[PDB]
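Okay, here we've got a single chain as structure tokens, the form deposited without its partner chain, with questions on binding and movement later.
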């Protein structure tokens, strides 16, 4: 019944870059193929005088054969016609860390409590996503309040992802 076409997904109306700035803690993540960020994931968003948004991120990533490593990542966002949909160019401070360019959608936020992020890296031929990821962020590293949690689960469902998230732990690893 429900529409899982990416073109159908609602995003944050009149998204406000300035209100979104600051520290966000990742509480949950839906992983893409070849996942990168594992846990202890903390993002820092900024915006400059030109209205350009950027971010940094810290997190554990496990390179294969079980090598752990606290990644330090950088992101810069190019605006689109939709104030909540961006193109994110990202890279690591270390050259060998993953780089690329993903869609970056702010699906919902209230700025001071919760945020839901979404990226489809590759579409199916029917408009659904073939390879997606999503972060749920909290301003409080101890988690969301119940009201926010309930809103977020709804958004997760609307993205057709609700069954596919895992919790992100924060234990000072970085």
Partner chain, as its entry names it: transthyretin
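What we label the rigid core is the largest C-alpha set whose atoms superpose within 1.5 Å from one form to the other. Numbering follows the first chain given and starts at 1.
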*Between 114-122 and 28-36, the one whose CA atoms sit farther away in 8 other deposited structures of this protein (rigid core aligned)*: 28-36
*asked:* To spell it out: superpose each other structure in 8 other deposited structures of this protein onto this one by the rigid core, compute Cα RMS over structures and residues for 37-45 and for 65-73. Which is larger?
replied: 65-73
*When the C-alpha temperature factors are averaged for each of 160-168 and 12-20, which stretch ends up with the higher value in the entry?*
12-20
*In the PDB record, does 53-61 or 114-122 carry the higher mean Cα temperature factor?*
53-61
*asked:* Comparing recorded Cα B-factors across 47, 43, 37, 136, which one is largest?
replied: 47
_Deposited CA B-factor, highest of 26, 129, 107, 69_ = 69
*Tell me, lowest, middle or highest third: where does the Cα B factor of residue 81 rank within its chain?*
highest
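One more form of this protein, solved in complex with its partner chain, exists but is not displayed; see below.
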*asked:* Within 4.5 angstroms, counting heavy atoms, which one of the listed stretches 130-138, 105-113, 24-32, 61-69 is next to its partner chain in the entry with it bound?
replied: 61-69
_residue 80 within 4.5 Å of its partner chain in the entry with it bound, heavy atoms_ = no
*asked:* residue 88 versus its partner chain, in the entry with it bound: is there a non-hydrogen atom within 4.5 Å?
replied: no
*Using a 4.5 Å cut-off on heavy atoms, what residues in 73-95 are near its partner chain in the entry with it bound?*
89, 91, 92, 93, 94, 95
